[PDB]
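Visitor: Attaching a single structure in structure tokens format; questions to follow.
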Amino acid sequence: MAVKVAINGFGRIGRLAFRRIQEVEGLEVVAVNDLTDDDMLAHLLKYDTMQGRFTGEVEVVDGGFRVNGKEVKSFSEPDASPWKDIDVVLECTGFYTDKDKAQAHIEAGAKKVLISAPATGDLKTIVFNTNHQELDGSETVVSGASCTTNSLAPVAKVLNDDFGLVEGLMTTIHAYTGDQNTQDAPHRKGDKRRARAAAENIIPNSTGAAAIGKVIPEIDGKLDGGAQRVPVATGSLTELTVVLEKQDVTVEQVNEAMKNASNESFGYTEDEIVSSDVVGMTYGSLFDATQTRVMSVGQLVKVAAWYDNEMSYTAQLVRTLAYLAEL
Amino acid sequence: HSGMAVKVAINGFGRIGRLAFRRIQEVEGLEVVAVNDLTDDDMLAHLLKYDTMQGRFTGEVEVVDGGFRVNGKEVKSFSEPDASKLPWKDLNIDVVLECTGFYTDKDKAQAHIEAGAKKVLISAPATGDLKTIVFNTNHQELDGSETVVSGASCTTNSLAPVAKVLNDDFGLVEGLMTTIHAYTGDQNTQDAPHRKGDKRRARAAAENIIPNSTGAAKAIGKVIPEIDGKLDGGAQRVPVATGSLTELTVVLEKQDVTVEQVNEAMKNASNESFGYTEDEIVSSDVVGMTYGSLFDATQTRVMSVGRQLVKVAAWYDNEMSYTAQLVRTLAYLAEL
Amino acid sequence: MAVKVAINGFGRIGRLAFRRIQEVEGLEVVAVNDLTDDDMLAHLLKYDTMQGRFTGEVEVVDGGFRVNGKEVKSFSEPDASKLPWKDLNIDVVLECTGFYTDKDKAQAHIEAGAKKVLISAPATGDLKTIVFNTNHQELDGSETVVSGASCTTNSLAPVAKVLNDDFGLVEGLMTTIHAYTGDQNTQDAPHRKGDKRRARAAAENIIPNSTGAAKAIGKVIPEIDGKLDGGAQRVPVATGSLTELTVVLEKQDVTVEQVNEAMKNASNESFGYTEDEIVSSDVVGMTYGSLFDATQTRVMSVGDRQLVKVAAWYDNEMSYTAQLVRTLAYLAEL
Amino acid sequence: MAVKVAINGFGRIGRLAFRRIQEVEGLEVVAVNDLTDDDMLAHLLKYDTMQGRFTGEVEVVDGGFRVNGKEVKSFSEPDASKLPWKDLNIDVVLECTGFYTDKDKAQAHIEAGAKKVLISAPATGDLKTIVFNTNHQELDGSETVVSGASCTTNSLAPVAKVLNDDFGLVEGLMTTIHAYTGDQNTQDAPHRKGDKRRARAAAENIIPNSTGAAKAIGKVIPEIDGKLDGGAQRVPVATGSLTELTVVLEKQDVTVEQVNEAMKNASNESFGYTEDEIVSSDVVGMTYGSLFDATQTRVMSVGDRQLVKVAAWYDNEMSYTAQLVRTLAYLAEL
């Protein structure tokens, strides 16, 4: 009733968007596509290890399930012919990370696709409250960027706008994700590092986030970095070390600039929080003023922002979805 | 060893498959000539070389044309979902170590035989009318004419030598088991759909106590016929990457027992498969051990009720303990 | 009567009882004792790894800290006999340090000027051990020291009671698979009680452990005294625990559903029921003292007998704490 | 030439130093001081969660303490200076309690009649700070109190030395992703040493934390004094850590392989080199003080000043311990 959504892939992101959508007025879910029975889908929506119990009546039917009395239709699998009989699709499989690949939901019936991942090809990449006003309403396929990109973009925008961003290096200390292995095991993408026991290791990994030029064109090329995946099930931290144009910067100046640009996607804190404190939060990024460092030898600037790589990213995606569907 | 050798093929190069491979390198004599799994050589070689719980493989692993070389010996590798296309006939495989978890059935494992392997040893409990073997409890029920054989489970290997002693020395009336078990690779990293419809095993493995069914106690009569139907129980999966505990609480015929008699009777049954300790150890102290079961004398108590009951507990490395037992049974079984 | 509560030892139970007492009209925490500064106390009340952010204003004022405008006095006095409890008109101390778990020893608080002590753990001596909604009406209000029992005892008692009342309990064996606690060690190190197993890295081991919950169940349910035994394994989850109980019942041909139904039918503010296949993290933050899991019910033959296994989840933190504050309020009301 | 050692504080570092010393010819332990009984000490030397079983006979036979037949004396004396050092046959006391991390404070061991103290931690006052194979040749044998630096400093120093010697170091930022340690708490709970972040459940959080390693690097490598800064994130692995370093260098046109090759060319027993894509648990038990990981080198170039990123692994237990025992042996040749 206002904005109708199909979710393809009822994984961590798919389920959290479902929950998120239940708290956002004007947005509904009408269909869910995944390869598993309804009972399993209902069960995994109801119970969440990190995010807690879904408050709300879930009960299973044949062609889907009921949530608070609203039926949701359930389907199965990828490409070839499943929506002929939606306002926007949330692509969540992690297997349409490409433009012509995600050109399949279009053929299938739905107006717009919001891809819950970075994607290749000729599409806009959107971080909400950094560059959503770039959306004009004619797009068929849109990337919602990554979790790390949504943590980094508002921070990078301020640094550039206020002090001039010359260059920067990032490290993200990142919760382990579902595409990592439980035990040491062959990995599908040939990543020898993600093949390892997720909850027992510090695992170095690549990330595309630092592709920031797709969200903030004016700093394209200026950033790089990577990830270290560690044994927390959700909640992550992005450290950013930069050279700035404006050479006489102080800790409080950077902190004040961050505070001044806060909004519902970009929070600010001066408390001495740890990763589990950000679990379930709805800012896409939470700037941590306690971690700001300026390094002078006659400057390098370091900053850190927290994000729940689940709910932070999800909240941002549902915001982009809503803005995409008021189109 | 060449044409000489007892040729082992490993199907499924997971935790059990790689550990079996390591054991076989150690033991020597028999040769892993082929490995099948659906991934490239570089991944296989890397995962053999580095191991989160079990430590660095000592010895040279290098990626060559047909597969990989371990300490100069070429191992052939294949990427094949259907095991009946496997070139077992061409390589004259003697035993396929079936470790994929997808062929845990007498009939199903026959695919390997069609492909040309003489014998299959399944690294898990299996249905139907096959022999289920715990080394040093019942490996001698084998005669060398079997084509498909089960190596039982990790839990069953921890339990059987304990149960045997209780029955032989005191008479087992009835008993309850709980195994607090390390999480396994078929469990999910994050909350997601499980491959076999299991809602519990569907949950984040490293963040939950997860109730789980095990056949170990009910199917103990496959290994120890004289106590068929006398045990039951289940499992809880918990956030340790390996290392497991079996608790067993039993009623004995002798109603005049002591902690000392029980511990003494366990002690005097020790072998390579059944260890004994008197130290208050924890799960991480059994990582990498090659006993199939380690009896922990510090946990024995004699309780009364209304009725004398006896509680005992045995540690196992559900990985290396099981694997050591499997390779013992494999060595015994290439034959006749 | 807004009854005045002092909390001694502002650890996991301490802080959680504080959060619960916010939702109880006519209980107000006026003092907190722990050996640390105000800033640390206020921070740890605000942020909680497993239980989530405290909603409401916490601010460090000069003499202690303010929660939603109400001042809470703080002290860091290691010797409980020295606390200014007379001076502050304390009715009841929630004794949560783990160092006064004895009737005579908890008397120190009475010495200090407090009227009653409720100990957040099993205790020895001449006092009552109370599991709310199983035996709290043993309290007549003349008690000066009371034990709130254990987390495990609270999970087990309503289950045991139903088995006994409806089927007759002959004997029973319990295992609790238990979250690791604060008195456990981060790394291998010496342990206060001399426990060589609690000495070990808590988040890296299955750790066998003694519990009195099954043996001392006769303190809470006299009619089954001596009928249960069992132990615990501490495992690497930060909170959320399970109690398995296997028993012999004085009733023939009992089905899984018949046991399940009798549990459901006894359900109240302390005893919940579920028919979903949940896991430990699903009970984090729940306020039932025990949650019966109908999906883990089995009826097995072991040799000419039927053994019935049941399982009950508890959040060894919030479940216990909810039970404790119920008992605290009941005691206050009398 | 058979160096005799007293270990004060039989914690992680103390026990590992004990073990390490059993593999090093010419060095032996004669006394251990900690506040706990022999049985607990023997038990914790025998079994180790991360480092594995101690091979070798440990017995509390006869209410004493024996390792492979050699008796080790144990004391339970919290008053360092009340220790029997002026009796007893010592060459060096290893101070591992974390409570004497100051030149004057560590003098208690000397007043007790001791001769030399080696502190297993950073320390204040007028003493030399030593990272073996970076600045040990600064030791002349006349020092009474010496600091063995930190785990992080030992991982960082050989990396920083090569960057400076070969490329010129202008400035640099460090982050160490660090295993949690035993002074961290198991459950959110007040920390005595009131760190609001180390107060939090160690195995369930990413915990930001200060380290002196970058700022105090000038104590080990004087020519780069003031050129480095950074901090730590404590994460849920029980041991094994990583140090990332991002630097501006003097030699502007540097490449990944050049930095890598320079690192390789400086390797020795304290400083290792790897080109495999390993993870933390692969360094558990290793005896290099620092292991350079060539797979993680990054050069960032936009036509300003180049940023170079490098990472070195360390087992914050055994790496540090191996370095400490090398410094112990060396101090004891001079």
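FYI, nothing fancy with the structure tokens labels: chains A, B, ... in order, residues from 1 per chain, ligands from 1 as they appear.
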Would you pick out the contacts of residue 71 of chain B at 9 Å or less, using only C-alpha atoms, so that residues sharing its chain but fewer than 2 positions from it are not included, and give the list as a CSV table (one decimal) with C-alpha atoms, in the first residue's frame?
Guide:
chain,number,residue,atom,x,y,z
B,59,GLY,CA,56.4,-30.8,4.3
B,60,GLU,CA,56.5,-29.4,0.8
B,61,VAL,CA,53.2,-28.8,-1.0
B,62,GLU,CA,53.4,-27.4,-4.5
B,69,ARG,CA,52.8,-32.6,-5.1
B,73,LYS,CA,54.8,-37.4,-4.6
B,74,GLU,CA,52.2,-36.3,-7.2
Visitor: Using the chain letters and numbers from this document, which residues of segment 30-213 of chain C does DSSP assign to strand (DSSP E), as number ranges by chain?
Guide: C: 30-33, 58-61, 64-67, 70-75, 92-95, 116-119, 128-129, 145-147, 169-179, 207-209
Visitor: Write a file of the selected residues as a short mmCIF file (atom, residue, chain, number, x, y, z; two decimals), in the first residue's frame, keeping N, CA and C atoms.
Guide:
data_model
loop_
_atom_site.label_atom_id
_atom_site.label_comp_id
_atom_site.auth_asym_id
_atom_site.auth_seq_id
_atom_site.Cartn_x
_atom_site.Cartn_y
_atom_site.Cartn_z
N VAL C 30 18.48 3.56 45.23
CA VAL C 30 18.96 4.85 45.73
C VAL C 30 20.49 4.83 45.92
N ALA C 31 21.06 3.65 46.07
CA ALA C 31 22.50 3.52 46.25
C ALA C 31 23.06 2.33 45.50
N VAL C 32 24.28 2.50 45.01
CA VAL C 32 25.01 1.44 44.35
C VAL C 32 26.39 1.38 45.00
N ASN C 33 26.83 0.18 45.39
CA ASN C 33 28.18 -0.02 45.89
C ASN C 33 28.99 -0.93 44.99
N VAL C 58 21.67 8.94 31.29
CA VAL C 58 22.61 8.63 32.35
C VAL C 58 23.65 9.73 32.33
N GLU C 59 23.86 10.38 33.47
CA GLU C 59 24.89 11.41 33.54
C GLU C 59 25.60 11.39 34.87
N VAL C 60 26.92 11.55 34.80
CA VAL C 60 27.75 11.62 35.97
C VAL C 60 27.70 12.98 36.63
N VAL C 61 26.98 13.02 37.75
CA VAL C 61 26.96 14.18 38.63
C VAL C 61 28.02 14.04 39.76
N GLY C 64 27.96 10.81 42.79
CA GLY C 64 27.27 9.68 42.16
C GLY C 64 26.74 10.01 40.76
N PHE C 65 25.65 9.37 40.36
CA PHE C 65 25.14 9.54 38.99
C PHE C 65 23.61 9.60 38.92
N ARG C 66 23.12 10.22 37.85
CA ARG C 66 21.71 10.47 37.63
C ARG C 66 21.14 9.62 36.50
N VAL C 67 20.02 8.97 36.76
CA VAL C 67 19.35 8.19 35.74
C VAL C 67 17.96 8.74 35.56
N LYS C 70 16.77 11.15 38.29
CA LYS C 70 16.93 10.66 39.69
C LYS C 70 18.38 10.39 40.07
N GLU C 71 18.82 10.99 41.17
CA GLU C 71 20.19 10.78 41.62
C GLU C 71 20.33 9.41 42.26
N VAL C 72 21.42 8.73 41.94
CA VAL C 72 21.79 7.46 42.56
C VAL C 72 23.13 7.64 43.26
N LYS C 73 23.16 7.38 44.55
CA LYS C 73 24.40 7.49 45.29
C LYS C 73 25.29 6.28 45.06
N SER C 74 26.59 6.54 44.92
CA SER C 74 27.54 5.46 44.74
C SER C 74 28.64 5.45 45.79
N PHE C 75 29.19 4.28 46.04
CA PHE C 75 30.19 4.09 47.07
C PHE C 75 31.11 3.02 46.56
N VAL C 92 16.24 -2.89 51.54
CA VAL C 92 16.74 -4.13 50.97
C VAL C 92 17.97 -3.86 50.13
N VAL C 93 19.01 -4.66 50.37
CA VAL C 93 20.22 -4.72 49.57
C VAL C 93 20.07 -5.92 48.62
N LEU C 94 20.19 -5.66 47.32
CA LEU C 94 20.51 -6.70 46.38
C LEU C 94 21.99 -7.00 46.48
N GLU C 95 22.32 -8.10 47.16
CA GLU C 95 23.71 -8.53 47.33
C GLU C 95 24.19 -9.35 46.11
N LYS C 116 16.80 -5.79 55.24
CA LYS C 116 16.70 -7.08 54.59
C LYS C 116 17.81 -7.15 53.53
N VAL C 117 18.31 -8.36 53.27
CA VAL C 117 19.24 -8.62 52.17
C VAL C 117 18.67 -9.71 51.28
N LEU C 118 18.74 -9.51 49.95
CA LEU C 118 18.44 -10.55 48.98
C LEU C 118 19.70 -10.87 48.18
N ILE C 119 20.13 -12.14 48.27
CA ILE C 119 21.40 -12.54 47.72
C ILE C 119 21.18 -13.10 46.34
N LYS C 128 15.77 -18.82 53.42
CA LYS C 128 15.00 -19.39 52.31
C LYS C 128 15.64 -19.14 50.96
N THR C 129 15.50 -20.15 50.10
CA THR C 129 15.92 -20.09 48.71
C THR C 129 14.65 -20.05 47.85
N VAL C 145 17.35 -12.17 55.70
CA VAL C 145 18.23 -12.59 54.59
C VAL C 145 17.55 -13.71 53.78
N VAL C 146 17.52 -13.52 52.46
CA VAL C 146 16.90 -14.45 51.55
C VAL C 146 17.85 -14.70 50.39
N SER C 147 17.89 -15.93 49.89
CA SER C 147 18.56 -16.22 48.63
C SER C 147 17.59 -16.24 47.45
N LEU C 169 7.52 -37.71 39.79
CA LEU C 169 8.96 -37.78 39.48
C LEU C 169 9.64 -38.84 40.34
N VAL C 170 10.13 -39.90 39.72
CA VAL C 170 10.93 -40.88 40.44
C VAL C 170 12.41 -40.46 40.57
N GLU C 171 13.09 -40.25 39.44
CA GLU C 171 14.49 -39.76 39.43
C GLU C 171 14.79 -38.93 38.19
N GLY C 172 15.85 -38.14 38.22
CA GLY C 172 16.16 -37.30 37.07
C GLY C 172 17.58 -36.82 36.97
N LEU C 173 18.06 -36.73 35.73
CA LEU C 173 19.40 -36.24 35.44
C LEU C 173 19.36 -35.00 34.58
N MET C 174 20.09 -33.97 35.03
CA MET C 174 20.19 -32.69 34.37
C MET C 174 21.60 -32.42 33.82
N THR C 175 21.66 -31.86 32.62
CA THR C 175 22.85 -31.16 32.15
C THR C 175 22.43 -29.73 31.74
N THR C 176 23.17 -28.74 32.21
CA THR C 176 22.96 -27.41 31.67
C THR C 176 24.15 -27.02 30.81
N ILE C 177 23.88 -26.64 29.57
CA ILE C 177 24.87 -26.11 28.69
C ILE C 177 24.75 -24.59 28.93
N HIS C 178 25.77 -24.04 29.58
CA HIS C 178 25.71 -22.72 30.19
C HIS C 178 26.66 -21.71 29.56
N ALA C 179 26.16 -20.53 29.25
CA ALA C 179 27.00 -19.41 28.88
C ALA C 179 28.13 -19.18 29.91
N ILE C 207 33.97 -26.21 29.13
CA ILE C 207 34.50 -26.28 30.48
C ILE C 207 33.54 -27.00 31.46
N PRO C 208 33.89 -28.23 31.87
CA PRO C 208 33.00 -28.92 32.80
C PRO C 208 32.97 -28.21 34.15
N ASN C 209 31.83 -28.27 34.83
CA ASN C 209 31.62 -27.52 36.05
C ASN C 209 30.50 -28.06 36.95
#
Visitor: After a least-squares superposition of chain C on chain D over all Cα atoms matched in order, what is the RMSD to one decimal?
Guide: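 Rounded to one decimal, the C-alpha RMSD is 0.9 Å.
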Visitor: Within 9 Å of chain C, which residues of chain B show up when using only C-alpha atoms, listed as a VMD selection string?
Guide: chain B and resid 173 to 176 178 180 to 182 199 to 200 203 206 to 212 228 to 233 236 238 to 241 243 to 245 249 280 to 284 299 303 to 306 311
Visitor: Using only C-alpha atoms, I'd like every residue of chain D that has an atom within 6 Å of chain C; please write them out as JSON, numbers by chain.
Guide: {"D": [182, 186, 187, 189]}
Visitor: Using only C-alpha atoms, which chain B residues lie at most 10 Å away from chain A, written as a PyMOL selection string?
Guide: chain B and resi 13-15+18+37-40+42-44+46-48+50-53+183-200+202-208+239-242
